[PDB]
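So the protein lines, in turn, are chains B and A. In terms of PDB author numbering, the first sequence is residues 1 to 305. In terms of PDB author numbering, the second sequence is residues 1 to 306.
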Amino acid sequence: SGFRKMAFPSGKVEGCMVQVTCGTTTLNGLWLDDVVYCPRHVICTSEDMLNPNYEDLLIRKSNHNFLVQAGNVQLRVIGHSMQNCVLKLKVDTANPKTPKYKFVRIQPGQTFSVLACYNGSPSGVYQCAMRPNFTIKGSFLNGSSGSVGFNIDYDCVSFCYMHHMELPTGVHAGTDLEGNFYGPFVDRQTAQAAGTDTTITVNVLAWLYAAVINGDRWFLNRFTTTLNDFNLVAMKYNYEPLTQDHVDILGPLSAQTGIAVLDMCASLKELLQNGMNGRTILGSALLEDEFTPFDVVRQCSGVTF
Amino acid sequence: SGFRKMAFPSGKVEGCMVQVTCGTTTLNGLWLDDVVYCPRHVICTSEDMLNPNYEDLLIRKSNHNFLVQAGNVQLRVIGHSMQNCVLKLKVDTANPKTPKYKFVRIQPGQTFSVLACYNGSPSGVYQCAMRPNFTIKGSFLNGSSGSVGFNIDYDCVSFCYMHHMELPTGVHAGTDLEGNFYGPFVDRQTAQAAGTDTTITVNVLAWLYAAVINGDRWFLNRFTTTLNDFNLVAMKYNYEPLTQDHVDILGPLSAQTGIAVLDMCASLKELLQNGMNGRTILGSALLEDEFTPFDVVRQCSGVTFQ
Numbered sequence: 001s002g003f004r005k006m007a008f009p010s011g012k013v014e015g016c017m018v019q020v021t022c023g024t025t026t027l028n029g030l031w032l033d034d035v036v037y038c039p040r041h042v043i044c045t046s047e048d049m050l051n052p053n054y055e056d057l058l059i060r061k062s063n064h065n066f067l068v069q070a071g072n073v074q075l076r077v078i079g080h081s082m083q084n085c086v087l088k089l090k091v092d093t094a095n096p097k098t099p100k101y102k103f104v105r106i107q108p109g110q111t112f113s114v115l116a117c118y119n120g121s122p123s124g125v126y127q128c129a130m131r132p133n134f135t136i137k138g139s140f141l142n143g144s145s146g147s148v149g150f151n152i153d154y155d156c157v158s159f160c161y162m163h164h165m166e167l168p169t170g171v172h173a174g175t176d177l178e179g180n181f182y183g184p185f186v187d188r189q190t191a192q193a194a195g196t197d198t199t200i201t202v203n204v205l206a207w208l209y210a211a212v213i214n215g216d217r218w219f220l221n222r223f224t225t226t227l228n229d230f231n232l233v234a235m236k237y238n239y240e241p242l243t244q245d246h247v248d249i250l251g252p253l254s255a256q257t258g259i260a261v262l263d264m265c266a267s268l269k270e271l272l273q274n275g276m277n278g279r280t281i282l283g284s285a286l287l288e289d290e291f292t293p294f295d296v297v298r299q300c301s302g303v304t305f
Numbered sequence: 001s002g003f004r005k006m007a008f009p010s011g012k013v014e015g016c017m018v019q020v021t022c023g024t025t026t027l028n029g030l031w032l033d034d035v036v037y038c039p040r041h042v043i044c045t046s047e048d049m050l051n052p053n054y055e056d057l058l059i060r061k062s063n064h065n066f067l068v069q070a071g072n073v074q075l076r077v078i079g080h081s082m083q084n085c086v087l088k089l090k091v092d093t094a095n096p097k098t099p100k101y102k103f104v105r106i107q108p109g110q111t112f113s114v115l116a117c118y119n120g121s122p123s124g125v126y127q128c129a130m131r132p133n134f135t136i137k138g139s140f141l142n143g144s145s146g147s148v149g150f151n152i153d154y155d156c157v158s159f160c161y162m163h164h165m166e167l168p169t170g171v172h173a174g175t176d177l178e179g180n181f182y183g184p185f186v187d188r189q190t191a192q193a194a195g196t197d198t199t200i201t202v203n204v205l206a207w208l209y210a211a212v213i214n215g216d217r218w219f220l221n222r223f224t225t226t227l228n229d230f231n232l233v234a235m236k237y238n239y240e241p242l243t244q245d246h247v248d249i250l251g252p253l254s255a256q257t258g259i260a261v262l263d264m265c266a267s268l269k270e271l272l273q274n275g276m277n278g279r280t281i282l283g284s285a286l287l288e289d290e291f292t293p294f295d296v297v298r299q300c301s302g303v304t305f306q
């Protein structure tokens with residue numbers, strides 16, 4: 001019993017984190033076999049970040065310009081190649097602790113654990129979500145760019161994110177490990193801003209299902225909605241559309257509790273209209289939206305890796 | 001910027017986790033060097049549990065009665081002793097991933113990371129506080145006993161909690177890694193019940209400070225209070241007494257932000273009396289009490305000018 005914001009076991013990712021210096025600029029890198037990925041903005045300095053020519057700055061740079069450290073040990077860079085917004089430094093040594101991995105691009109509303117690093121040194125792990133506006137509300141200080149977010153999908157670490165920059169609102173943008181940014185953001189100091197954030201409806205419903213599983217029934221009601229009308233109400237509370245796809249990934253939880261998804265949408269309809277009125281669900285006074293359906297299943301079945 | 005419930009990385013602990021089976025009971029062990037620590041209730045059938053005598057049950061066991069597994073690989077048990085409520089199984093191999101480590105008993109209010117495991121494999125990691133009534137509000141299912149809490153100081157893992165059992169209220173009870181229970185709890189099947197739970201007052205303040213550090217100020221005020229007039233209002237809202245030991249650890253956060261502890265205590269007093277009034281602090285509608293001052297410094301602190 002109980003329900004917590006649970007992070008993935010960060011073990012198999014801690015072995016992959018390294019330091020990458022270039023000038024006086026230090027950030028973090030991900031070491032997988034004989035390649036070290038990091039933000040291409042390690043090459044820039046403070047002037048260049050105002051308006052960078054990455055293709056002309058990587059020219060005036062050679063292998064010896066990149067210092068790469070793995071604990072006490074040093075690593076020898078035997079090539080480079082900037083793909084999109086991420087650097088891939090070929091190095092002479094394969095990481096012994098390289099796990100079975102893949103590179104994924106996640107859709108908004110999908111969650112992942114973030115391993116916050118400084119100086120190639122993991123400091124903490126937390127569970128995050130890709131906001132609808134393609135940011136994440138992370139916890140990052142100066143020098144954490146290159147820290148990575150990930151899932152464990154069965155036996156295989158799925159790298160989904162690499163931190164680049166902090167936007168002015170306090171939120172955070174980055175790339176997949178192919179270097180292609182999430183959202184409209186770009187690696188340069190300009191007047192970028194995040195959109196307005198909205199709530200990830202399908203995750204809220206997942207969490208209401210968790211609450212039912214763990215014994216909370218008060219928010220349930222005989223009322224009934226259609227998919228269309230729910231979205232009309234929800235939309236005025238900054239809730240993301242619930243699609244027919246969404247209604248399917250909720251079908252497992254629908255059948256474990258015998259509550260149709262549309263009946264749960266009616267429960268959520270009334271919580272939006274009437275509020276919560278100083279009541280808690282699963283130790284919470286707000287509607288949590290950072291647990292996916294699969295996150296619920298995992299915590300409630302005791303899924304291991 | 002930002003502020004999350006941040007767990008310590010769990011790798012150093014992942015490499016220690018093993019599966020311990022005895023009879024029909026399977027649970028988790030901790031493989032440090034050539035010893036496996038696990039809860040001693042693994043040797044009980046549920047008929048003994050009703051009123052067991054543990055040194056009597058342990059002297060009936062053979063080494064071969066313990067199935068210990070690390071991955072596919074069975075470990076050979078060569079000895080078995082008790083220390084309070086934990087079994088030390090001597091195995092024949094030393095754990096090659098054994099981190100630098102140490103066993104520490106924590107106090108109520110302090111926090112730690114928990115690696116929830118089943119069958120010696122980890123399910124995930126989360127931060128917890130030792131509640132003042134010596135329970136924890138974990139997420140633990142059947143098979144989770146043997147899971148451990150831990151803090152990490154540099155390279156060094158300070159194991160502080162081992163999970164044993166779930167109480168009727170759905171909170172969790174366990175021991176330090178020397179076998180002594182946190183709280184008045186016993187590993188036999190009796191009526192047991194958690195004492196009254198209260199809010200860790202020092203921790204809330206640490207979190208109001210973390211809020212001010214992240215640019216929330218809406219809940220501050222010019223009002224100031226005596227420590228005693230606070231506790232008078234606080235106690236009636238189910239809060240722990242605040243005391244100089246607490247004030248003197250907030251000191252750095254009170255200094256980094258410029259807000260005298262006694263002023264932060266007048267902010268909280270007003271939050272208690274008037275409620276939050278449809279507002280949020282660090283994305284929360286409740287006052288959070290599972291962040292210690294140290295978890296705040298850990299997470300959102302930098303260079304200070306002298």
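Each residue gets a CB set at the ideal place from its N, CA and C atoms; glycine is no exception.
Item to complete: Name, please, each residue of chain B whose Cβ falls closer than 8 Å to the Cβ of A/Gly170.
Response: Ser1 and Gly2
Worksheet entry | Cross-chain neighbours of B/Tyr126 in chain A, by beta carbon under 8 Å | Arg4, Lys5, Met6 and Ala7
Practice prompt. With distances taken Cα to Cα, identify the nearest neighbour of A/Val20 among A/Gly11, A/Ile59, A/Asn53 and A/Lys88.
Written response: A/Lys88
Worksheet item: Counting only runs that start and end within the stretch 215-253 of chain A, where is the alpha helix (DSSP H) found for 4 or more residues in a row?
Response: 227-235
Worksheet item: Name the DSSP bridge partner or partners of A/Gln19?
Response: A/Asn28 and A/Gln69
Fill in: B/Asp295 classed as buried or exposed, judged by whether at least 16 other C-beta atoms fall within 10 angstroms
buried
Fill in: Residue-level contact to chain B via CB, A/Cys22, 8 Å cutoff
no
Practice prompt. Jot down the residue ranges of each uninterrupted alpha helix (DSSP H) in the stretch 49-112 of chain A, minimum 4 residues, whole runs only, in chain order.
Written response: 54-58
Fill in: Below-8 Å beta-carbon distance, B/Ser139 vs any chain A residue
yes
Practice prompt. Check the Cβ of B/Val303 against every Cβ in chain A and list those closer than 8 Å, keeping chain order.
Written response: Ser123
Worksheet item: How is B/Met165 classed by DSSP in three states: helix, strand or coil?
Response: strand
Practice prompt. Compare the C-beta of A/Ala210 against all C-beta atoms of chain B and say whether one is closer than 8 Å.
Written response: no
Worksheet item: What are the partner residues of A/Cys38, as DSSP defines its beta bridges?
Response: A/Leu87
Discussion item. Rounded to whole angstroms, what is the Cα-Cα separation between A/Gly170 and B/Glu270?
Written reply: 28 Å
Discussion item. Rounded to whole angstroms, what is the Cα-Cα separation between B/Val233 and B/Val186?
Written reply: 34 Å
Practice prompt. Compare the beta carbon distance of B/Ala7 and A/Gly124 with 8 Å and say whether it is the shorter of the two.
Written response: yes
Worksheet item: Which chain A residues sit within Cβ distance under 8 Å of B/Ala285?
Response: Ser284, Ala285 and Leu286
Worksheet entry | C-alpha distance - A/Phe66 paired with A/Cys22, whole-angstrom precision | 5 Å
Worksheet item: For the candidate residues B/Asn180, B/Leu272 and B/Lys97, whose alpha-carbon lies nearest to that of B/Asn84?
Response: B/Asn180
Worksheet entry | Beta carbon proximity, B/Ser10 to chain A, threshold 8 Å | yes
Practice prompt. Determine the DSSP secondary structure at A/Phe150, reduced to helix, strand or coil.
Written response: strand
Worksheet item: According to DSSP, which residues form a beta bridge with A/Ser284?
Response: A/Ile281
Discussion item. Does the CB of A/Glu270 have a neighbour CB from chain B at under 8 Å?
Written reply: no
Item to complete: Classify B/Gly149 as buried or exposed, calling it buried when 16 or more other Cβ atoms lie within 10 Å of its own Cβ.
Response: buried
Fill in: Residue closest to B/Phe223, alpha-carbon to alpha-carbon, out of B/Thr280, B/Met162, B/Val261 and B/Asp92
B/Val261
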